[PDB]
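Shown next, in structure tokens, is the structure this report addresses.
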Amino acid sequence: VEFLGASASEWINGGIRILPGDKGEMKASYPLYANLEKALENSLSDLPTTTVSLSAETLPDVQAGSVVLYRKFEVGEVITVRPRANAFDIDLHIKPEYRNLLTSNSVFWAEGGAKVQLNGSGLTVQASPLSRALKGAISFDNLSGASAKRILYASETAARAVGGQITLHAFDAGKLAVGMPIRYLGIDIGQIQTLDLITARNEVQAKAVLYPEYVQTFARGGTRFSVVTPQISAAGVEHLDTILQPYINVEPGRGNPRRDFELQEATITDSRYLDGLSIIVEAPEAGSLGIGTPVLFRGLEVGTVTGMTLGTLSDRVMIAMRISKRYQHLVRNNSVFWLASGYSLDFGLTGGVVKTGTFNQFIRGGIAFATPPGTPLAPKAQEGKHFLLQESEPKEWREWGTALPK
Amino acid sequence: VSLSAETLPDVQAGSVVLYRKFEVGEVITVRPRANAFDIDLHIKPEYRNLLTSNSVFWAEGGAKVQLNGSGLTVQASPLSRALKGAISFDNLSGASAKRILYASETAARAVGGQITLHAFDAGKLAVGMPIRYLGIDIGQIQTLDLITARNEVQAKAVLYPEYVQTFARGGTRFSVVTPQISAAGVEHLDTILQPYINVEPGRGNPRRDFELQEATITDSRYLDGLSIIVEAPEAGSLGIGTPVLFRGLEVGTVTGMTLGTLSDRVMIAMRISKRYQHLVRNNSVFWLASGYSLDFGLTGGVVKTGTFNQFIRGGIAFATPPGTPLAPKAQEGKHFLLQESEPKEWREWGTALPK
Amino acid sequence: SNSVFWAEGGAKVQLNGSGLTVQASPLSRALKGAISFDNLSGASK
């Protein structure tokens with residue numbers, strides 16, 4: 001609360017106040033300022049000079065007199081809004097002392113009034129400037145790839161979306177949304193920016209952006225994208241943060257740049273078997289195998305099933321699996337692979353003994369392997385090697401005890 | 001401007017009139033009538049060119065509540081327009097097919113062709129329920145009415161003008177999606193608060209009169225392939241969405257089940273993918289792989305389990321016997337007989353199927 | 001002749017799946033109260 005202009009003695013006296021200076025030449029004419037603020041700002045006009053012009057399609061919670069915020073700090077104000085053509089033109093003023101705060105790369109996103117948020121950390125009441133809660137705010141900041149007029153966006157995340165552009169094809173957009181984050185190893189590297197249904201080709205095309213730091217590393221062909229969903233069953237619960245905030249997991253690939261991908265169903269969210277051998281096993285039938293099925297050596301998980309497909313002639317099923325770097329030496333040319341899926345037991349006519357082990361093979365039926373004994377060891381398997389899946393477990397694999405160095 | 005409204009949603013004298021959230025003029029007055037409210041408004045002459053024959057009007061609310069990964073966020077909007085109130089208006093395309101003041105933006109946006117659905121129960125239906133194809137909104141239910149003579153509920157809905165011709169062609173299926181929580185897993189959880197209706201398009205003459213179904217394939221990836229028929233004495237565990245497996249790999253789904261003209265067999269219509277269309281030949285054997293099957297010996301008993309989805313949705317498998325001359329590929333309409341048991345040596349056949 | 005009367009209290013804050021409704025538009029209602037009325041069919045002091 002302030003009482004400016006004139007005090008009681010000043011009101012009964014009136015007149016003109018002089019603000020002295022330091023050095024001058026005593027020029028003839030002088031300007032007269034309406035009030036103290038204009039004199040301090042050295043503004044002799046009612047409307048301040050325009051500094052920034054922005055074009056927006058709509059007018060989200062902004063009007064004349066709304067604040068302009070740089071990281072939630074009051075810098076300047078909004079002078080006017082005009083209906084130019086079809087896109088509303090917004091002109092904004094900033095203080096000269098802060099006029100150095102903007103550059104060629106600058107994004108603008110508007111905020112509405114009072115924002116009350118209740119999360120696991122606590123409660124945030126974002127209503128600090130009263131003029132913001134009454135009129136609105138236009139936060140601004142500088143970016144890197146913004147050059148690749150300026151558009152006023154609706155959210156900070158919409159403004160931050162810069163980088164290369166890719167297209168994904170999906171059979172269903174039920175699990176997709178605009179602004180859905182793209183995460184590699186739990187770190188955001190991308191963002192979906194639009195969705196479009198196509199009626200001719202019965203699919204949905206989603207356009208997304210990869211950030212400039214990761215555009216070259218990914219988008220190289222063989223890259224897999226998958227939407228993660230919560231998994232609640234009697235066996236257990238796996239993902240629960242995706243109830244409210246689902247995302248997309250990415251498995252990188254190697255090859256020529258592609259920039260056209262399609263949405264998959266499952267993807268290995270490990271990236272720890274990526275450096276090892278990628279071998280192929282041929283089986284007559286798929287069975288319980290799937291993506292993410294563990295590979296077990298002596299009951300210890302050493303690899304996962306990367307994928308399943310058919311041959312050029314559809315007479316067998318080819319299963320591509322990757323082994324770890326540490327356990328890479330365990331695979332030899334003469335190695336036997338068999339299928340350990342579910343529970344298997346043998347019943348005798350005179351003696352019947354059964355055993356259970358609550359294995360994950362009754363959830364994801366795994367594949368086991370072993371090496372027959374022999375004094376000269378066969379050479380280690382190369383990158384591309386094909387094995388035949390045995391229909392049954394070898395009888396004396398537990399008593400083999402082959403010595404595998406390194 | 002003079003507008004007629006049935007109710008008075010959050011609007012009074014002195015409220016603002018907004019064109020794309022821009023202050024243009026102000027409401028003048030509201031007069032009640034025994035069933036309605038006549039509202040008089042005034043726009044500035046300089047903006048009097050902003051309206052045409054096609055123009056929709058709606059009212060705006062106050063706080064907006066969003067539940068997401070950041071929690072519950074409530075935006076209270078600027079308090080000036082919130083305290084005064086605001087009647088928002090905009091231009092549309094099919095609004096011509098006086099003007100009615102609606103209560104919500106979505107109610108005003110509902111334009112296009114009109115269709116009628118017949119349901120045995122309206123418990124899962126609601127006014128304003130979205131209609132979605134492949135997760136994209138194409139329609140909206142606008143009213144519900146119980147009929148006591150014909151024991152049913154008639155729901156009138158609107159299809160948007162971009163999709164009215166593509167759908168509503170006969171053979172189109174509508175189904176309400178519901179959450180599925182079991183010990184096996186959870187499938188849909190967004191329908192706890194926002195249920196919708198899934199649509200499977202069809203081909204044929206325009207119909208514009210449909211009925212609500214119970215299940216619908218939410219894939220639209222088997223739509224282009226062969227649609228074959230399998231005849232079985234008994235239905236069993238088969239249903240809509242039951243997978244079809246070749247060598248344990250899913251290549252198709254069961255589209256539907258029905259009976260013949262004479263009720264002596266059950267006909268199951270199923271669709272195969274375009275990629276795996278060449279696997280089906282004239283001499284192909286189909287059998288039923290549902291649940292767990294095991295064989296017990298008098299001297300040796302070996303049993304195996306595989307936690308199959310066949311114990312949730314019992315599938316149908318098929319194979320091709322070996323032979324040097326290959327039979328021609330199956331046509332669009334082909335009938336097969338379901339084998340009562342699995343062939344003994346299908347794993348050792350190894351027929352070479354090109355392409 | 002056919003008219004029903006029901007009363008409402010002060011400010012009503014409601015949070016549902018559609019959003020948030022703040023029913024406190026008349027100040028005298030939030031300070032004193034309101035008595036809403038309408039006409040019916042079978043209503044027949």
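Residue numbers start at 1 in each chain; chains themselves are named A, B, ... in the order of the structure tokens; ligands are numbered from 1 in the order shown.
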Residues of chain C were defined as contacting chain B if any atom lay at most 8 Å from it, counting only C-alpha atoms; please report them as a count of residues only.
5
Show which residues sit within 12 Å of segment 251-259 of chain A, as JSON, numbers by chain. Count only C-alpha atoms, and ignore same-chain residues fewer than 6 positions away.
{"A": [164, 165, 166, 167, 168, 169, 182, 183, 184, 185, 186, 189, 207, 208, 209, 210, 214, 215, 216, 217, 218, 219, 220, 221, 222, 223, 224, 225, 226, 227, 266, 267, 268, 269, 270, 271, 272, 273, 274, 275, 306]}
Could you write out as a PyMOL selection string the residues of chain B within 7 Å of chain A, counting only C-alpha atoms?
chain B and resi 20-22+68-80+134-136+183-186+219-221+247-249+299-308+347+350-354
Need the shell around segment 5-16 of chain C: protein/DNA/RNA residues with any atom at most 7 Å away, counting only C-alpha atoms. Skip same-chain ones fewer than 6 positions apart. Format as an MDAnalysis selection string?
chainID C and resid 22:24 29:31 33:38
Could those residues be written to a file, using N, CA, C and O atoms, as a short mmCIF file (atom, residue, chain, number, x, y, z; two decimals), in the first residue's frame?
data_model
loop_
_atom_site.label_atom_id
_atom_site.label_comp_id
_atom_site.auth_asym_id
_atom_site.auth_seq_id
_atom_site.Cartn_x
_atom_site.Cartn_y
_atom_site.Cartn_z
N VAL C 22 -17.87 -25.95 -8.56
CA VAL C 22 -17.97 -25.08 -7.40
C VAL C 22 -19.31 -24.36 -7.49
O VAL C 22 -19.46 -23.39 -8.23
N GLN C 23 -20.29 -24.84 -6.73
CA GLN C 23 -21.64 -24.29 -6.71
C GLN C 23 -21.75 -23.32 -5.54
O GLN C 23 -22.18 -23.67 -4.44
N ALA C 24 -21.27 -22.10 -5.77
CA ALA C 24 -21.34 -21.01 -4.80
C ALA C 24 -21.59 -19.68 -5.50
O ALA C 24 -21.12 -18.64 -5.04
N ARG C 29 -26.63 -16.93 -1.25
CA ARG C 29 -26.85 -18.36 -1.07
C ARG C 29 -25.79 -18.97 -0.16
O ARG C 29 -26.11 -19.72 0.76
N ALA C 30 -24.53 -18.66 -0.41
CA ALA C 30 -23.47 -19.20 0.42
C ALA C 30 -23.50 -18.65 1.84
O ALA C 30 -22.95 -19.28 2.74
N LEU C 31 -24.12 -17.50 2.05
CA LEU C 31 -24.25 -16.94 3.39
C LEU C 31 -25.54 -17.33 4.09
O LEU C 31 -25.55 -17.43 5.32
N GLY C 33 -28.54 -19.40 2.21
CA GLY C 33 -29.09 -20.64 1.70
C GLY C 33 -29.97 -20.41 0.49
O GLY C 33 -30.14 -19.27 0.07
N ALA C 34 -30.53 -21.48 -0.09
CA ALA C 34 -31.35 -21.33 -1.28
C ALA C 34 -32.52 -22.31 -1.25
O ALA C 34 -32.42 -23.38 -0.66
N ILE C 35 -33.63 -21.92 -1.87
CA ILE C 35 -34.81 -22.79 -1.98
C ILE C 35 -35.21 -22.90 -3.45
O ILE C 35 -35.78 -21.96 -4.01
N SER C 36 -34.85 -24.00 -4.09
CA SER C 36 -35.13 -24.25 -5.49
C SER C 36 -36.51 -24.86 -5.69
O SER C 36 -37.02 -25.59 -4.84
N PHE C 37 -37.15 -24.52 -6.82
CA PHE C 37 -38.50 -25.02 -7.08
C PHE C 37 -38.67 -25.36 -8.56
O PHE C 37 -37.87 -24.95 -9.40
N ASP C 38 -39.71 -26.14 -8.87
CA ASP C 38 -39.99 -26.54 -10.25
C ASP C 38 -41.39 -27.13 -10.32
O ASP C 38 -42.02 -27.37 -9.29
#
Run DSSP on the backbone and tell me which residues of segment 54-221 of chain B come out as helix (DSSP H, G or I); list them as an mmCIF file with N, CA and C atoms, in the first residue's frame.
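Result file follows (out-v9.cif):
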data_model
loop_
_atom_site.group_PDB
_atom_site.id
_atom_site.type_symbol
_atom_site.label_atom_id
_atom_site.label_comp_id
_atom_site.auth_asym_id
_atom_site.auth_seq_id
_atom_site.Cartn_x
_atom_site.Cartn_y
_atom_site.Cartn_z
ATOM 1 N N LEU B 79 -9.202 -15.712 -12.770
ATOM 2 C CA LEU B 79 -10.353 -15.503 -11.910
ATOM 3 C C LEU B 79 -11.315 -14.465 -12.454
ATOM 4 N N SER B 80 -10.882 -13.644 -13.400
ATOM 5 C CA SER B 80 -11.773 -12.633 -13.949
ATOM 6 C C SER B 80 -12.900 -13.281 -14.738
ATOM 7 N N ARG B 81 -12.543 -14.055 -15.753
ATOM 8 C CA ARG B 81 -13.545 -14.746 -16.545
ATOM 9 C C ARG B 81 -14.251 -15.821 -15.739
ATOM 10 N N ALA B 82 -13.576 -16.398 -14.759
ATOM 11 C CA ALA B 82 -14.230 -17.382 -13.911
ATOM 12 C C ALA B 82 -15.321 -16.753 -13.060
ATOM 13 N N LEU B 83 -15.057 -15.588 -12.490
ATOM 14 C CA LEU B 83 -16.077 -14.933 -11.687
ATOM 15 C C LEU B 83 -17.197 -14.372 -12.546
ATOM 16 N N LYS B 84 -16.872 -13.777 -13.686
ATOM 17 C CA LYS B 84 -17.932 -13.246 -14.535
ATOM 18 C C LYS B 84 -18.724 -14.352 -15.226
ATOM 19 N N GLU B 105 -18.829 -28.455 -24.491
ATOM 20 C CA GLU B 105 -18.201 -28.367 -25.803
ATOM 21 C C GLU B 105 -18.427 -29.631 -26.621
ATOM 22 N N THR B 106 -18.336 -30.795 -25.982
ATOM 23 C CA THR B 106 -18.516 -32.057 -26.689
ATOM 24 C C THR B 106 -19.933 -32.206 -27.213
ATOM 25 N N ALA B 107 -20.917 -31.702 -26.477
ATOM 26 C CA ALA B 107 -22.290 -31.734 -26.960
ATOM 27 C C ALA B 107 -22.453 -30.869 -28.196
ATOM 28 N N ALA B 108 -21.785 -29.727 -28.230
ATOM 29 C CA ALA B 108 -21.853 -28.871 -29.404
ATOM 30 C C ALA B 108 -21.105 -29.471 -30.581
ATOM 31 N N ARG B 109 -20.016 -30.183 -30.328
ATOM 32 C CA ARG B 109 -19.225 -30.737 -31.419
ATOM 33 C C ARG B 109 -19.877 -31.942 -32.092
#
Test item: residues at most 9 Å from residue 35 of chain A, only C-alpha atoms, excluding those fewer than 5 positions along its chain, as number ranges by chain:
A: 4-5, 40
Selection from above, N, CA, C and O atoms, as a short mmCIF file (atom, residue, chain, number, x, y, z; two decimals), in the first residue's frame, can you write it?
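Contents of out26.cif, as written:
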data_model
loop_
_atom_site.label_atom_id
_atom_site.label_comp_id
_atom_site.auth_asym_id
_atom_site.auth_seq_id
_atom_site.Cartn_x
_atom_site.Cartn_y
_atom_site.Cartn_z
N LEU A 4 1.64 7.88 -3.25
CA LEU A 4 2.62 8.59 -4.06
C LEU A 4 1.98 9.83 -4.69
O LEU A 4 0.81 10.14 -4.45
N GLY A 5 2.77 10.52 -5.50
CA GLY A 5 2.30 11.74 -6.15
C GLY A 5 2.58 12.99 -5.35
O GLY A 5 3.40 13.83 -5.74
N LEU A 40 11.06 7.18 -13.92
CA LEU A 40 12.12 6.20 -13.68
C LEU A 40 12.36 5.33 -14.91
O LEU A 40 13.51 5.07 -15.27
#
Within 12 Å of residue 110 of chain A, counting only C-alpha atoms, which residues show up once you throw out same-chain ones fewer than 2 positions away? Write them as JSON, numbers by chain, please.
{"A": [54, 56, 58, 59, 60, 61, 62, 63, 66, 67, 68, 69, 70, 72, 78, 90, 107, 108, 112, 113, 132, 135, 136, 137, 138, 139, 140, 141, 151, 152, 153, 154, 155, 156, 157, 158, 159]}
For those residues, write N, CA, C and O atoms to a file as a short mmCIF file (atom, residue, chain, number, x, y, z; two decimals), in the first residue's frame.
data_model
loop_
_atom_site.label_atom_id
_atom_site.label_comp_id
_atom_site.auth_asym_id
_atom_site.auth_seq_id
_atom_site.Cartn_x
_atom_site.Cartn_y
_atom_site.Cartn_z
N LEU A 54 4.54 -12.57 -31.28
CA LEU A 54 4.32 -14.01 -31.33
C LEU A 54 3.00 -14.29 -32.03
O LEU A 54 2.08 -13.47 -32.00
N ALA A 56 -0.08 -17.21 -32.40
CA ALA A 56 -0.68 -18.38 -31.78
C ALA A 56 -1.99 -18.70 -32.47
O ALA A 56 -2.69 -17.81 -32.95
N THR A 58 -4.64 -20.42 -30.94
CA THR A 58 -5.66 -20.11 -29.94
C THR A 58 -5.07 -19.17 -28.89
O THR A 58 -3.94 -18.71 -28.99
N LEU A 59 -5.86 -18.89 -27.86
CA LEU A 59 -5.49 -17.94 -26.82
C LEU A 59 -5.64 -18.59 -25.45
O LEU A 59 -6.61 -18.32 -24.72
N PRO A 60 -4.72 -19.43 -25.06
CA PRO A 60 -4.89 -20.18 -23.81
C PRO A 60 -4.64 -19.36 -22.55
O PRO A 60 -3.50 -19.13 -22.16
N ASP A 61 -5.74 -18.95 -21.91
CA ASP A 61 -5.71 -18.33 -20.59
C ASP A 61 -4.77 -17.13 -20.51
O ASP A 61 -4.08 -16.92 -19.51
N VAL A 62 -4.73 -16.34 -21.58
CA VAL A 62 -3.86 -15.16 -21.63
C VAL A 62 -4.67 -14.00 -22.18
O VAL A 62 -5.50 -14.17 -23.08
N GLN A 63 -4.40 -12.81 -21.65
CA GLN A 63 -5.07 -11.60 -22.11
C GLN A 63 -4.11 -10.44 -21.93
O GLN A 63 -2.94 -10.62 -21.60
N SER A 66 -1.16 -9.66 -18.83
CA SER A 66 -0.62 -10.88 -18.24
C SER A 66 0.90 -10.81 -18.16
O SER A 66 1.55 -10.08 -18.91
N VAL A 67 1.47 -11.57 -17.23
CA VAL A 67 2.90 -11.46 -16.97
C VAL A 67 3.69 -12.33 -17.94
O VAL A 67 3.20 -13.33 -18.47
N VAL A 68 4.96 -11.97 -18.13
CA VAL A 68 5.90 -12.74 -18.92
C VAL A 68 6.98 -13.22 -17.97
O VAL A 68 7.62 -12.41 -17.30
N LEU A 69 7.18 -14.54 -17.90
CA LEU A 69 8.04 -15.12 -16.88
C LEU A 69 9.26 -15.81 -17.48
O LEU A 69 9.13 -16.63 -18.39
N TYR A 70 10.44 -15.48 -16.96
CA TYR A 70 11.65 -16.23 -17.27
C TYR A 70 12.01 -17.05 -16.04
O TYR A 70 12.51 -16.51 -15.05
N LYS A 72 9.94 -18.38 -13.95
CA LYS A 72 9.06 -17.87 -12.90
C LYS A 72 9.59 -16.60 -12.25
O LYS A 72 9.52 -16.44 -11.03
N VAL A 78 2.55 -8.15 -21.10
CA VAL A 78 1.92 -8.36 -22.40
C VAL A 78 1.14 -7.12 -22.81
O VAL A 78 0.26 -6.66 -22.06
N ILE A 90 0.01 -12.02 -30.75
CA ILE A 90 0.21 -11.53 -29.39
C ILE A 90 1.52 -10.76 -29.33
O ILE A 90 2.59 -11.32 -29.63
N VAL A 107 11.92 -20.53 -26.83
CA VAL A 107 10.62 -21.19 -26.85
C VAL A 107 9.73 -20.45 -25.87
O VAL A 107 10.20 -19.90 -24.86
N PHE A 108 8.43 -20.46 -26.15
CA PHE A 108 7.41 -19.79 -25.35
C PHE A 108 6.23 -20.72 -25.10
O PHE A 108 5.63 -21.23 -26.04
N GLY A 112 -1.73 -21.08 -17.24
CA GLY A 112 -2.99 -20.48 -16.84
C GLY A 112 -2.94 -19.82 -15.47
O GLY A 112 -1.96 -19.16 -15.14
N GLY A 113 -3.98 -20.00 -14.67
CA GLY A 113 -4.02 -19.37 -13.37
C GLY A 113 -3.40 -20.17 -12.25
O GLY A 113 -2.27 -20.64 -12.37
N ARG A 132 -0.68 -13.27 -12.39
CA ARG A 132 -0.74 -14.54 -13.10
C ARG A 132 -2.05 -15.25 -12.84
O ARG A 132 -2.71 -15.73 -13.77
N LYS A 135 -4.73 -13.09 -14.70
CA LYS A 135 -4.59 -12.94 -16.15
C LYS A 135 -3.92 -14.12 -16.82
O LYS A 135 -4.44 -14.63 -17.81
N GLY A 136 -2.77 -14.56 -16.33
CA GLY A 136 -2.07 -15.66 -16.96
C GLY A 136 -0.59 -15.40 -17.04
O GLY A 136 -0.12 -14.34 -16.61
N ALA A 137 0.18 -16.35 -17.58
CA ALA A 137 1.62 -16.19 -17.65
C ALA A 137 2.15 -16.78 -18.94
O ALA A 137 1.56 -17.70 -19.50
N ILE A 138 3.25 -16.21 -19.44
CA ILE A 138 3.91 -16.72 -20.65
C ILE A 138 5.39 -16.98 -20.36
O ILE A 138 6.20 -16.05 -20.35
N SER A 139 5.68 -18.17 -19.85
CA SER A 139 7.06 -18.54 -19.55
C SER A 139 7.87 -18.74 -20.84
O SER A 139 7.35 -19.23 -21.85
N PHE A 140 9.13 -18.32 -20.82
CA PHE A 140 9.99 -18.44 -22.00
C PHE A 140 11.37 -18.95 -21.59
O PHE A 140 11.75 -18.85 -20.42
N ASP A 141 12.10 -19.52 -22.55
CA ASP A 141 13.45 -20.01 -22.25
C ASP A 141 14.20 -20.22 -23.56
O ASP A 141 13.62 -20.16 -24.64
N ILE A 151 5.90 -20.05 -32.46
CA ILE A 151 4.60 -20.54 -32.05
C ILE A 151 4.54 -20.59 -30.54
O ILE A 151 5.44 -21.15 -29.90
N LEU A 152 3.51 -19.99 -29.96
CA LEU A 152 3.27 -20.13 -28.53
C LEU A 152 2.63 -21.49 -28.25
O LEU A 152 1.55 -21.78 -28.75
N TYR A 153 3.30 -22.30 -27.44
CA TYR A 153 2.82 -23.64 -27.16
C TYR A 153 1.96 -23.64 -25.91
O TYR A 153 1.80 -22.63 -25.22
N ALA A 154 1.38 -24.80 -25.59
CA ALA A 154 0.49 -24.92 -24.45
C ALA A 154 1.17 -25.49 -23.22
O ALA A 154 0.66 -25.29 -22.11
N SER A 155 2.28 -26.20 -23.37
CA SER A 155 2.97 -26.78 -22.23
C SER A 155 4.46 -26.65 -22.43
O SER A 155 4.95 -26.43 -23.54
N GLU A 156 5.20 -26.78 -21.33
CA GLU A 156 6.65 -26.76 -21.42
C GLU A 156 7.15 -27.95 -22.22
O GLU A 156 8.08 -27.82 -23.03
N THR A 157 6.56 -29.12 -22.00
CA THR A 157 7.00 -30.32 -22.72
C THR A 157 6.74 -30.22 -24.21
O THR A 157 7.53 -30.73 -25.01
N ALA A 158 5.65 -29.57 -24.62
CA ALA A 158 5.41 -29.37 -26.04
C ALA A 158 6.47 -28.47 -26.67
O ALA A 158 6.88 -28.69 -27.81
N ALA A 159 6.89 -27.44 -25.94
CA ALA A 159 7.94 -26.56 -26.44
C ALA A 159 9.30 -27.23 -26.45
O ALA A 159 10.11 -26.96 -27.35
#
DSSP strand (DSSP E or B) residues within segment 9-196 of chain A, listed as a PyMOL selection string:
chain A and resi 52-56+67-70+74-82+88-93+107-111+115-118+123-126+137-141+151-153+164-170+181-184+187-196
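Every protein, DNA or RNA residue with an atom at most 10 Å from residue 172 of chain B, where only C-alpha atoms count and chain neighbours fewer than 5 positions away do not, is listed here: residues 167, 199, 200, 201, 202, 203, 204, 207, 208, 209, 210 and 211 of chain B.
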List the neighbours of residue 142 of chain A out to 8 Å using only C-alpha atoms; skip same-chain residues closer than 3 positions along the sequence, and give me the result as a ChimeraX atom specification.
/A:102-103,105-107
Pull N, CA, C and O atoms from the residues just selected and write them as a PDB file, in the first residue's frame.
ATOM      1  N   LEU A 102      16.982 -12.921 -24.111  1.00  0.00           N
ATOM      2  CA  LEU A 102      16.501 -13.757 -25.200  1.00  0.00           C
ATOM      3  C   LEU A 102      17.511 -13.763 -26.336  1.00  0.00           C
ATOM      4  O   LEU A 102      18.299 -12.829 -26.502  1.00  0.00           O
ATOM      5  N   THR A 103      17.469 -14.830 -27.124  1.00  0.00           N
ATOM      6  CA  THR A 103      18.347 -14.988 -28.271  1.00  0.00           C
ATOM      7  C   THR A 103      17.536 -15.544 -29.437  1.00  0.00           C
ATOM      8  O   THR A 103      16.304 -15.550 -29.416  1.00  0.00           O
ATOM      9  N   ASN A 105      17.322 -18.625 -30.380  1.00  0.00           N
ATOM     10  CA  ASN A 105      16.647 -19.851 -29.977  1.00  0.00           C
ATOM     11  C   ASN A 105      15.905 -19.554 -28.681  1.00  0.00           C
ATOM     12  O   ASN A 105      16.522 -19.418 -27.623  1.00  0.00           O
ATOM     13  N   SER A 106      14.584 -19.449 -28.769  1.00  0.00           N
ATOM     14  CA  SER A 106      13.767 -19.174 -27.599  1.00  0.00           C
ATOM     15  C   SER A 106      12.368 -19.741 -27.790  1.00  0.00           C
ATOM     16  O   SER A 106      11.717 -19.460 -28.798  1.00  0.00           O
ATOM     17  N   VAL A 107      11.922 -20.532 -26.828  1.00  0.00           N
ATOM     18  CA  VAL A 107      10.624 -21.186 -26.851  1.00  0.00           C
ATOM     19  C   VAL A 107       9.730 -20.448 -25.867  1.00  0.00           C
ATOM     20  O   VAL A 107      10.204 -19.899 -24.860  1.00  0.00           O
TER      21      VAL A 107
END
